[PDB]
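>>> Enclosed are the sequence and the experimentally obtained structure.
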Amino acid sequence: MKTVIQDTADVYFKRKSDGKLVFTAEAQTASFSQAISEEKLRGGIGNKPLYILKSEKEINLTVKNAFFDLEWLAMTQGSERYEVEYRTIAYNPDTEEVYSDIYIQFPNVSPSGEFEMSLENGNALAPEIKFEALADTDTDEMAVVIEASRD
Amino acid sequence: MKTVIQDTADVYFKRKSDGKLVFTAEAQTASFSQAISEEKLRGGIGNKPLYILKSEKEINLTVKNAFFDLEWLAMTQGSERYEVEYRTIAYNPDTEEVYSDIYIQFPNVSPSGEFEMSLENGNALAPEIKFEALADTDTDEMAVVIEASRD
Amino acid sequence: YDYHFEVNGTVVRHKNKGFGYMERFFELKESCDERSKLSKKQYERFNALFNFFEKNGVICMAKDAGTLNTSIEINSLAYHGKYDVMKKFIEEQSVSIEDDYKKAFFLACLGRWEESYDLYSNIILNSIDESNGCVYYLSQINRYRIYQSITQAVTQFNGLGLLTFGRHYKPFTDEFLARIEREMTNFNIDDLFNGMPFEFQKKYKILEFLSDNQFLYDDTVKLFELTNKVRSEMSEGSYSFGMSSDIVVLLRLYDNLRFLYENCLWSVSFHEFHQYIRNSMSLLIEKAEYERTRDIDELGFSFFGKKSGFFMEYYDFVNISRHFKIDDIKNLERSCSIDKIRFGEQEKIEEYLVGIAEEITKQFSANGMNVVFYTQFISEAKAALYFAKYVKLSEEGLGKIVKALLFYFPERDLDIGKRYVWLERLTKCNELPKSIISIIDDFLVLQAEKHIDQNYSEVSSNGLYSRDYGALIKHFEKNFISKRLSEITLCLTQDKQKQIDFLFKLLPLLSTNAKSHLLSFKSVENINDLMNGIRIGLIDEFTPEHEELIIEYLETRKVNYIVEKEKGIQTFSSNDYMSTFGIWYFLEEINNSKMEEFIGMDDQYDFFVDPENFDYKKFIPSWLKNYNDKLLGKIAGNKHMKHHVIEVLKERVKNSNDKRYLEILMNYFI
Amino acid sequence: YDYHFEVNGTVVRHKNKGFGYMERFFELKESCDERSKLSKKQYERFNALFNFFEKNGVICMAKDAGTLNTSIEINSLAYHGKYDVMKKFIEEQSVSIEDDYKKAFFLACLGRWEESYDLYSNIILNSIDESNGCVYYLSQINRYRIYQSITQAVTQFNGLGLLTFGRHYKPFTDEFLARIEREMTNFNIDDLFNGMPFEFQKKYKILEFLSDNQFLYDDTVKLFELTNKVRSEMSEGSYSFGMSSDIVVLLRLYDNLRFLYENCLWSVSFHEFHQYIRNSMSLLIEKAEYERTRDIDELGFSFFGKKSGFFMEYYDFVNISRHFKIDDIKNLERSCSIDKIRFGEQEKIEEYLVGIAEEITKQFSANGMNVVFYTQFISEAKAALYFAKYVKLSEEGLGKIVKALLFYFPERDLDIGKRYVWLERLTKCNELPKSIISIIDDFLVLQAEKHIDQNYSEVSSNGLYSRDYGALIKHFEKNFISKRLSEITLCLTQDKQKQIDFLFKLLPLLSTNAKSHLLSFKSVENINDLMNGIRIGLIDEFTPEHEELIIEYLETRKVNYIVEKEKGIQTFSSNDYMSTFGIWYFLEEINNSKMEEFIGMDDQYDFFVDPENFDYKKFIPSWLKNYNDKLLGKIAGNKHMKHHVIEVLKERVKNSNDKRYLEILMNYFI
């Protein structure tokens, strides 16, 4: 009551070509980053053209709760690249009431973690994993976001 | 033999009215810090200022030793200033031969020590002494330099 | 190790292969009906167990963790710096053994390190008969630290303290030091947990870490793993949802203070533990700046679309007041913009600042000052006042706080010079009512009474003197002719004249007739009198006779300059007015051509006079900092050097972080 | 604790009060006559101690210390990455209890973790029968460590290995997991040193700290003290004579590193030890950056002239090439001008850098991937290739590395789009000889052939694909015709849409006859085809027919927008072309007036189409990072877009250390 205040988030992941949901739920770190950049890769052009607006772009992602699954995990025990949906709640600073929930989904994901903890003293689980959102030639990708607050 | 290289320094302290020798033959940290700045002053009236030279200016000092001096330490054991004489040498990058010396004179240095170095364990001495450069209203002072390399 | 207790009060299963006995309790927490299915004994045990946890802050399991707003409450009086009320508490009579312990710690805080140890000896013998386990172990853990404090103290008063103080103060009797050396002589703190009974060893394992130094090394390493991360994300533009890694530290920070205060331990006063607070609060106040400034595409504010803004609360002031030396606080001023930060609870704070103040009035108004208390308290006294610039004080607190600083605070740690730097600094976000204008006078008259010493020189480290106090008053209240200062002028005769410096330095403040007294009085022959005279603006120009004095001083410089060059010596004067001399010519004040003869000695001189034949490699980019808004304009108007300056300026703005350079380049040169 | 051994190779007394038994030994060292007055055995004993202190570098006494230049020379084959020689030494019969110990560590490095335990099993039983407990203690420290690593790995395969590696692996037999999970269930590493013989607890106390983890906790805290001092030195601009605080870090970095590798301790493949290497090194590299950019006030030239810049030698390359990750090395680039720093010992760097190339050939060329060894070596391998862009490579050596990075590195840890990025990064410091273009040429041919199946799609983390692979050719070469690509198109018949459009966007490298024959049956004018067709130089000027399609796209996006607004849905498309079109307008590439009908759809669209009425508050300053010079000149001329872009830039450059914003500011807007 003196000083802190806390909030909550929630994390789901999924696989395409079926309604399979075999992943974590609750990104403790929940580290998110976005970036754009440029270089001299096009350091010279024939001119009289136009532009590409390359920007490179990149979306880093992190979730750490584990407890993936037993049913689908075991079944998989016997490259669609999966997909991710992200859901969080938004509040009004004036009223502080529940009126809107953030609806976020990403088209492409590809988990790739540093497959070695080897911590000298074993940890209390929570195997943080970093993700990178792939993309194809077609269109869109990156993120598609939906918003509540129809009050 | 492969890589690192070190150097050395030398300290000299003294009190006016006499040549009371005080010194620390080495100074490992030996941090010398010159600094000058300004924030805001002046009434901004009278049209022509005809001057303005505020520069505050300040010099700090640092040394290390375990030797205060033997004799009158015990004499006084049971405010006429604490002047300092920094001396060292300079080398020529072309030859690296001993040809030049450095003579540093401070006429007014005051001992402003944090007499609260109470540490959680018996250490390897290292009684760091920090000083502040003082300059009276009269003239000159703080710094004067003399050097060898006559050759 | 059966469970794991997160810093946030949440608990997660760690090593349970059996019944979730923790889980049932929190299942018993919300179930009022099930709480009624217990006997009265068992019900009271739950009450004894329930009352403990809520004071320990444990809330509920992680799986059902909701919006947790953990509280913080530090109640130890010493943390509240009420040095007077405890001075009555120690006079009171003892009731219980726990009360004796509480007094023992209070003794130490007041610098009476002598009687503390004996009662630390008095408690220890009577302890066992009550068969209370804890009260013994901490009584010794506290002993050896206040032992070391004495030992580290006695050498310091012998080694340096004589230089710091000038006398060989002896706070501790010869015989007392003997006994403590004997009793503890072979004391190895390591085994002390390895000594107490198995009965002790099974209940009170949790007090183990306080034996060795692993307790202070255990906590710090996490702050290195916690700090290494946060700077990484700070260079990545990342956003962290939920509890940010910085919020973890603050709970950890305040948790450490409570356990290391309310139990009345004495490790608070050592240098190492102060290291923990410095690099913790630095990271928090550092992280605030990055949040206030960064970009977002659309969803950036959609993630945690608000902040604590590091709302700096009352305890946070109490933290920064003690644990930072003046040098440490300055280090933060450079990187962060602490002015931009807001300050809540601006009334509770006011008690602290007067508390530090009104106490200083006790110590040094009286002849008795506990040197041991001076060792600890003067540092806290320093930082508390300096950092007050950012707070909005009340009129009375500004009364006392200005009163104590000038009259009572000892000269040694704070010379007359840096006093200007503090008293001005206590005006920036405030004003100067009459009641404070009166107090600053009372210093000048008191100082006026001090301008009779034969050998005094007003030694200073910032080149500012009580004339500038008067100069400070005028910049706000221009029409404030002084009243008593005038009188000291009139009674004086030319025979005793050292004060001519101070009065003529204070010519801003005099009566019209008193000025007339000065007119026949005083004289002008030397260059100081020129610039000291100019320092008031009294001298509006320079007659040819005045100019001859300028040339005459310069002739002295060359005659030397050939000598040191002939002797192979080089010197850098302190307040070389030659640098100040060069400023006039480029500013049109002197148009005499004879000054061209005097080139080639001072680089700063050359940069102004001879742009035609001035090499720029000998430019010092720190010069421009000390330049005036007008002066930076006139150089900005030139054609010879504007281009070549702009080259040295672009380079340094690129390859450096000094913001002051950045604003200078944009405003004037651009 | 009688003396202290300063890290600079000097000795200083701390607690000694008896004879200077340490002092006299060095006095004998300098004197030659007093060596001869000892008996032969004692003369042998003097040499027995003299040789040791030359191998440990305890040079002389601090009272006669001078210009000490300590050596570092690390010789364990694990450090020097000579993986090939290891397989030859292991394939050999040991001759002593000493020899097997070296093997048990070499087996650990090659990741054959299974057999290591067995030989580690053999040593314990055959180490009991001698007076020499050193091997048996350190036998256990390794034995426990390999156990924990077996537990951590096997769990992580079950946890996330299925999705990471795509399939299930069980490198370790089920029985072995049972046996190891049987043996160590009742072992607590803390007590290990306690239960050893009283003799072993007398001589070898020095090996105490390795038992628990405190040794990294005692060292890690000591670094945290240094990192605070060193950072403090940066913001104060001080000067450090004698042994600077920084060089202490470097010695303490290399000194520790020698102990663990040269005594064959397996701990050095654990995360916590990498943590020490990470922060210890980065601080030094950061220190060099500041040192280069000092401002100089009055003194440095006489003291430090002709800057003795920190040279990053071969012994510095491996450490960065081993322990860092790929994100971490990225961060340094944003906080150092690491291009400028000299990279000495360049001949040596080539061998080890070549060493990774040949090994990467072996593991993936053979059917056997030691998936255990795979984990600890790819991450080391990954950073190695990336960091090469700051070291000069010969032609022949550059042939090996390029041959591997394109071909044999798995698609798992380097996607196709990622592969380009690394190759180009090795084109900076090196030109593009005829040999190199052969390799990248082959990669286009091979990947072209595979892209014939109707579902063998491609992904990217850069959105680059094959299109700019050709660009690296023509940006360096000019007349590369790609014979093999000619035979591809010359034999392509019809109805291979993926192969059609794949080599469509590789037009410029094609041949004359193939071009025309490929312009036949070409992708029509699709909008993707339109821009990508423009990306290859086919389309020179927009026709109204080209514009007609553009109008169609805008209409589609608008009807989508009204659906999105009703549903409250926002998108961020990697193929979002709203921003691209509006820029074409501001440079008059498109003349049709209809664009203004869609003002209010995308914020960056409004920034260019309607500059007069644009809401500059909506301006996101990051867009400027996407804009080339020829826009950034045409941005600086417009009246509607100069008055406002300047202001936001001033805010960020003041409010950020982002030099790119500063670079945009000086050159073009001012």
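Here it is on my side, so go on. Numbering: from 1, shown residues only, chains lettered A, B, ... in the order given.

>>> Nearest to the spatial middle of the chain, which residue is it?
The chain I'm using is chain A. Residue closest to the mean C-alpha point of chain A, counted by Cα atoms, centre = their mean, is residue A:61 at 4.5 Å.

>>> nope, chain C
residue C:383 (3.1 Å).

>>> about what we covered before: ok, the residue nearest to the centre of chain A - contacts?
By Cβ atoms under 8 Å, 6 or more residues apart in numbering or on different chains, the contact set of residue A:61 is A:31-32, A:84, A:106, A:109, A:130-133. C-betas here are computed from N, CA, C, even on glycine.

>>> and with 7 Å instead?
By Cβ atoms under 7 Å, 6 or more residues apart in numbering or on different chains, the contact list for residue A:61 reads A:32, A:130-131, A:133.

>>> count of neighbours near residue 55?
This is for chain A. Residues contacting residue A:55 under the criterion other Cβ atoms under 10 Å in any protein chain shown number 17.

>>> ah, no, chain C please
By other Cβ under 10 Å, the residues close to residue C:55 number 9.

>>> Could you check which helix or strand contains it?
Using DSSP states H and E, residue C:55 maps to helix C:40-56.

>>> Contacts for that helix next, please.
Here helix C:40-56 makes contact (Cβ under 7 Å, 6+ apart) with C:35, C:38.

>>> before we move on, the earlier item: am I right that the residue nearest to the centre of chain C is in a helix?
Yes - assigned with DSSP: H, G, I helix; E, B strand; the rest coil, residue C:383 falls within a helix.

>>> surely it meets residue C:324?
Yes - here residue C:383 reaches residue C:324: they are 5.2 Å apart, a contact under Cβ atoms under 7 Å.

>>> longest helix of chain C?
Ordering each helix of chain C by length in residues (DSSP state H) puts helix C:134-159 first.

>>> so what secondary structure elements neighbour that one?
Contacts defined by 3 or more Cβ pairs under 7 Å, 6 or more residues apart in numbering or on different chains; DSSP states H and E place helix C:134-159 against helix C:97-109, helix C:113-127, helix C:174-183.

>>> Isn't residue C:253 up against residue C:278?
No - counting by Cβ under 7 Å, residue C:253 does not reach residue C:278; the two are 11.1 Å apart.

>>> more neighbours, those two?
A direct count of neighbours by other Cβ under 10 Å for residue C:253 and residue C:278 places residue C:253 higher, at 21 against 18.

>>> Which stretches in the stretch 401-550 of chain C count as strands?
Using DSSP state E, counting those that start in this stretch, no strands are found in the stretch 401-550 of chain C.

>>> Pick out the residue in it sitting closest to chain D.
residue C:461 (16.9 Å; Cβ to the nearest Cβ).

>>> isn't that residue right next to residue C:415, touching?
Yes - assessed by Cβ under 7 Å, residue C:461 is found in contact with residue C:415 at 5.9 Å.

>>> So between those two, which is more surrounded?
Set residue C:461 next to residue C:415 and count neighbours by other Cβ under 10 Å: residue C:461 wins out with 21 against 17.

>>> Just list the residues touching the more buried one, thanks.
For residue C:461, counting by Cβ under 7 Å, 6+ apart, the contacting residues are B:58, B:132-134, C:415, C:417-418.

>>> Also residue C:112?
Neighbour list for residue C:112: residue C:370 [criterion: Cβ under 7 Å, 6+ apart].
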